[PDB]
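Asks: A structural model of the following input is requested.
(one chain, ligands or ions: 1)
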Amino acid sequence: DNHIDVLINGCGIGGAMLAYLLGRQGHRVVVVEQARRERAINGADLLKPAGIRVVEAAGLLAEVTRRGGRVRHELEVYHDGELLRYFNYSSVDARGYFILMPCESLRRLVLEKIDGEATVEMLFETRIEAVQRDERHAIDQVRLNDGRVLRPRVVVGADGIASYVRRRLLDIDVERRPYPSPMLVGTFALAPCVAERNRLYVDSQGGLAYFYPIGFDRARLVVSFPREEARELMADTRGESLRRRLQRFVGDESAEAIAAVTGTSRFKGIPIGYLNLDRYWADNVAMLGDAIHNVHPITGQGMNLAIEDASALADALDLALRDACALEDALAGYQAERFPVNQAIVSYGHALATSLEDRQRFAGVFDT
Ligand SMILES: Cc1cc2nc3c(=O)[nH]c(=O)nc-3n(C[C@H](O)[C@H](O)[C@H](O)COP(=O)(O)OP(=O)(O)OC[C@H]3O[C@@H](n4cnc5c(N)ncnc54)[C@H](O)[C@@H]3O)c2cc1C
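Replies: Numbers count the residues shown, from 1 in each chain. Find the structure here:
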């Protein structure tokens, strides 16, 4: 009646994909999102092979490239201007390729599919107000800020790095530790060199610049420098100090990409955390994506891991909701499958970010 299978807090890329996968299975899903639907959150751009498998299982892979997603299989990494590593991800495995696809492009696609799933109801500009638990400490009722009351079998935090579900429903507090270098991303015209190949540049002074195409006709430039330097560089908004700083460690192959940086004003900061929560669930409440882990954005994997979590959670929840197994066993299974994968990328990110300056150490991180 007001009984539903799953109440998903947050309709980000993780939450959307979980809602679609559950809705495809005929589960009764309510998604609560505080923002308006059209609010575009720019975000990560990368899908790695495991994420691509989810997209492919959702029936979405063709539409990803039709909407500007790009299949790639190479990366060059430079340190102090010289090539350190070249990676061909498909040299052994034809499916080793990755995809560049803006988070918001993929989320809009998924939302279009949800629009046709009659068992899913998406509520925008809506928030959870209060919950009630039963004698077994499972949430049994949820009231929303519009006055709507629901009775869900399962509550999911897909609500991102400041997860309400984590903080308020599970009462978990997370220590922060900021990094000393921020990371910022800007969008520019696309140079032939960027269209050709992804190139990452780092230097012994702690500079980083990563150039890669996005969409049909744009390029990203992701940069990082120590905080005060980064501030000075972004202050000069016609961009001359940044172009010059890039020229110190970015060689001729990417000269046109550097010339494409006409200004600094549309650079955006990127969140940087370090987390992998030792529990992904309690009672009938589970979490995914940035609610449970924060990887250094140097890895590129924030969206990708949210999508991998979503798929594993949809599998585990489908089992529970079908009565193939007890919810606690299904949630325990979700955690065992995801935790080691998320942990490895969280460790890898931190190892990469802290080893920039040291050419040998940085190459060693790539290899291991
Ligand atoms: C500009 C930008 C650049 C980025 N670049 C990178 C990068 O280069 N590499 C990288 O690895 N990662 C990057 N990230 C991080 C990456 O986008 C995220 O890791 C990814 O989106 C996580 O997906 P998620 O579904 O878990 O959460 P999110 O995509 O954060 O989605 C959470 C959703 O929950 C909603 N929400 C939050 N609180 C509530 C509430 N109380 N009630 C209801 N709804 C709520 C939010 O509005 C949002 O829609 C970037 C992020 C930003 C914003």
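Asks: Can you tell me which residues in the stretch 251-368 of the chain are near the ligand?
Replies: Residues of the stretch 251-368 of the chain that fall close to the ligand, judged by CB under 6 Å from any ligand atom: 268, 270-271, 289-290, 295, 297, 299-303, 306. Every C-beta, even on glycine, is put in place using the N, C-alpha and C of the backbone.
Asks: Which residue would be the closest one in the stretch 51-200 of the chain to the ligand?
Replies: Going by CB to the nearest ligand atom, the ligand is nearest to residue 160 of the stretch 51-200 of the chain, at 2.7 Å.
Asks: May I have the residues that are in contact with that residue?
Replies: Shown in contact with residue 160 (CB atoms under 8 Å, 6 or more residues apart in numbering): 10, 12, 289, 290, 291.
Asks: before we move on, back to that, quick check: ChimeraX command selecting the buried ones in the residues of the stretch 251-368 of the chain next to the ligand.
Replies: To isolate the buried members of these in ChimeraX, using 16 or more other CB atoms under 10 Å:
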select :270,289,290,295,297,299,300,301,302,303,306
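Asks: So which residues of the stretch 51-200 of the chain form strands?
Replies: 70-72, 74-79, 82-88, 98-100, 120-124, 128-133, 139-144, 149-157, 183-189, 199-202 (DSSP state E, counting those that start in this stretch).
Asks: Need those strands in a markdown table (columns: mean neighbour count and distance to the ligand).
Replies: Shown next, in a markdown table, are the strands of the stretch 51-200 of the chain (neighbours: other CB atoms under 10 Å; distance: least, CB to the nearest ligand atom, whole Å):
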| stretch | mean neighbour count | distance to the ligand |
| --- | --- | --- |
| strand 70-72 | 17 | 15 |
| strand 74-79 | 18 | 14 |
| strand 82-88 | 12 | 18 |
| strand 98-100 | 21 | 11 |
| strand 120-124 | 19 | 9 |
| strand 128-133 | 14 | 6 |
| strand 139-144 | 17 | 10 |
| strand 149-157 | 22 | 9 |
| strand 183-189 | 19 | 5 |
| strand 199-202 | 22 | 12 |
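Asks: Now do the end-to-end distance for stretch 257-277.
Replies: Stretch 257-277 has an end-to-end distance of 39 Å (criterion: CA to CA, to the nearest Å).
Asks: so how far is that stretch from its chain's centroid?
Replies: 14 Å (CA atoms, centre = their mean, to the nearest Å).
Asks: shouldn't residue 7 be in contact with residue 156?
Replies: Yes - judged on CB atoms under 8 Å, residue 7 makes contact with residue 156 at a distance of 7.2 Å.
Asks: rewinding a little: output the strands of the stretch 51-200 of the chain in a markdown table; the columns should cover distance to residue 168.
Replies: Shown next, in a markdown table, are these (distance: least, CB to CB, whole Å):
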| stretch | distance to residue 168 |
| --- | --- |
| strand 70-72 | 39 |
| strand 74-79 | 40 |
| strand 82-88 | 42 |
| strand 98-100 | 35 |
| strand 120-124 | 18 |
| strand 128-133 | 8 |
| strand 139-144 | 12 |
| strand 149-157 | 10 |
| strand 183-189 | 29 |
| strand 199-202 | 38 |
